[PDB]
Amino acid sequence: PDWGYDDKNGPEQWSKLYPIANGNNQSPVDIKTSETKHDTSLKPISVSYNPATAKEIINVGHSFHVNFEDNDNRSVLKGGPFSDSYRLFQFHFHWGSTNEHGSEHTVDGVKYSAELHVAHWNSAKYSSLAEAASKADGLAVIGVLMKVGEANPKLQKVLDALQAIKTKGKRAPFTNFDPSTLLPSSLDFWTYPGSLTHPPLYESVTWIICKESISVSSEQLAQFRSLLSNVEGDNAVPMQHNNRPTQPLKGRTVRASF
């Protein structure tokens, strides 16, 4: 695949290998609060995750993933703009080289420190994640903006797991964990049709952006920034940043549930 976040193979170059990069439904985007539209049809989002579905943590080089068993409908998202239930498959984070600016989505032109993404795939429609992945209604991602301030105690279990997957390709059992514990107290949101924020960049995602942010301290962020992109044994190359610049809206509408 050979793509990255460095000057050579970064976001500004992705178009070269993946034309969809210049599509009309690309993510992330800037959410202008004055132009959002209240949609009275939106229902509250309901998350129902089973902790025993947590399975492993893995270093994939450009970031780390927390994977969940997705053979059943034990952990699902429902409500919001959906008629069907979406099966949780993973959560991951996005951050930047500085503690102040590292989110993907921005609000009123304001970039936050980091962003949590909780991904699900349409089990009511497709057979597998692989199938669902390039379809318009294939994936649902919840994005939660993180703002540097006080340390957040709910992140602890994830941070301690990091020691075991220091380098690319390392993986470790990660179990008994309910990710809904990471979401803000209120679930009011913004939604728009978009895409995967990194290659292959399929325009298959229905974004759910939470209106309320959660905190994190600069030392917590420094722990993400300390993981390595190289394989074990090689020279150390830190995972400095993994966020893509915002893309043009191209006439999409950002709906508000409030």
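Note that residue numbering begins at 1 and tracks the sequence as displayed. Under this definition, the rigid core comprises the largest set of C-alpha atoms superposing within 1.5 Å between the forms.
- Choosing between 93 to 101 and 139 to 147, the greater Cα displacement from the shown form in 8 other deposited structures of this protein, fitted by the core, goes with 93 to 101.
- In this entry, 30 to 38 shows the higher mean Cα temperature factor of the pair 188 to 196 and 30 to 38.
- Of the two segments, 179 to 187 and 87 to 95, the one listed with the higher mean B-factor is 179 to 187 (C-alpha atoms only).
- Out of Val144, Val76, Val141, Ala132, the entry records its largest CA B-factor for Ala132.
- Sorting the modelled residues of the chain by their CA temperature factor places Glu212 in the middle third.
- Looking at the C-alpha B-factors along this chain, the one for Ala124 belongs to the highest third.
- Annotation for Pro81: CA B-factor lies in the highest third of the chain's modelled residues.
- Placement of the Cα temperature factor of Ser46 within the chain: highest third of the modelled residues, per the deposited record.
- Ranked by Cα temperature factor within the chain, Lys16 sits in the highest third according to the deposited record.
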